[PDB]
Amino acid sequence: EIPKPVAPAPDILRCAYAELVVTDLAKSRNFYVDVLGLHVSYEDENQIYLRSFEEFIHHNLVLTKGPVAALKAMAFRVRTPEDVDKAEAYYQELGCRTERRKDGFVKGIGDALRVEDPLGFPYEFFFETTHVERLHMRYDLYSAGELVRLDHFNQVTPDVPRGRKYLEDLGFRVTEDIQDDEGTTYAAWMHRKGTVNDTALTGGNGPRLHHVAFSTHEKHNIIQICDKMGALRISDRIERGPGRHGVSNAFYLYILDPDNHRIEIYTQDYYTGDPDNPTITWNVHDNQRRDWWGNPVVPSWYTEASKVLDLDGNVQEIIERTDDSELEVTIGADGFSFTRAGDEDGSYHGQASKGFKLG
């Protein structure tokens, strides 16, 4: 169990940006700029800085050229400069390695703290950032698939309850989770900004980064991303979806960047900002929990995720999950899922929904 520090937690506003290491900067630029339409704040031979349509901070995504594709940092904005000091004290009390740079790790961010958190994830906390032109009414630029905000991160970690307690002490509130009747937690979603999540924990070998999520205004904007991928004959890069989630109630799509970093496109979840927001627990065997329409979850969604780096830039060692596997208990050989609790009709035994089995 990760103890609660005596030192006060930093006041975290929201997820703010991710820095992803990519192997071919021009290929990655083609995906995030030419395909997905993100807006360039700055670029050079080594990095691309990108932001969503409604953002006013410098960026929501930094692509950094390097030898091994991986998550380098997931960054959260805090409420005041002083909260960066609070973060440093808090993580030092937790016995974590930290690095502080008064003028930032990446361009357009000022005083910043990066940490190897207790789950092995590279987190950044910052307040100071270069404001840029907020493009929210630049409909002369607006794409039919426009990504309007950064919404969340999702992390793969072997022990979800351990992680959940640590994030709750840091001030995230769990909005939804997936459990079974035998005490296992498979996933949890938790927020600061009053949406279903700012980060989330998915049970699996880790630390690895499951995805970064961007939102659109409307469901048709997500449809258009699919449509455009078809027209560009890159439909093999659509991993899963589009769908309606059970957890979050958002309309969703998962796609894969050139280094296989998974990106979610997301819209129309609900308000969670009240402190007694009802926490929703879904049973892992409920076949509407991930896709509300019952569509099967592709096995790569459960097995594949991005490497993460330590503060030296080396890949973090993976620790195997020993708790039960969501894949195995739902769509694997001894798996089970239901449409209606207690009804054999519309249940699935040892395979996925809708007539499919694991490849």
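Residue numbers run from 1 along the displayed sequence.
According to the PDB record, 89-97 carries the higher mean C-alpha B-factor of the two stretches 89-97 and 151-159. Looking at 242-250 and 274-282 together, the entry lists the larger mean B-factor for 274-282, computed on C-alpha atoms. The PDB entry assigns its highest CA temperature factor, among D140, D177, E82, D236, to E82.
Among the modelled residues of its chain, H211 has a C-alpha B-factor that falls in the lowest third according to the deposited record. The entry lists a Cα temperature factor for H191 that places it in the middle third of the chain's modelled residues. Among the modelled residues of its chain, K307 has a C-alpha B-factor that falls in the middle third according to the deposited record. Ranked by C-alpha B-factor against the other modelled residues of its chain, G203 falls in the middle third. Annotation for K65: CA B-factor lies in the highest third of the chain's modelled residues.
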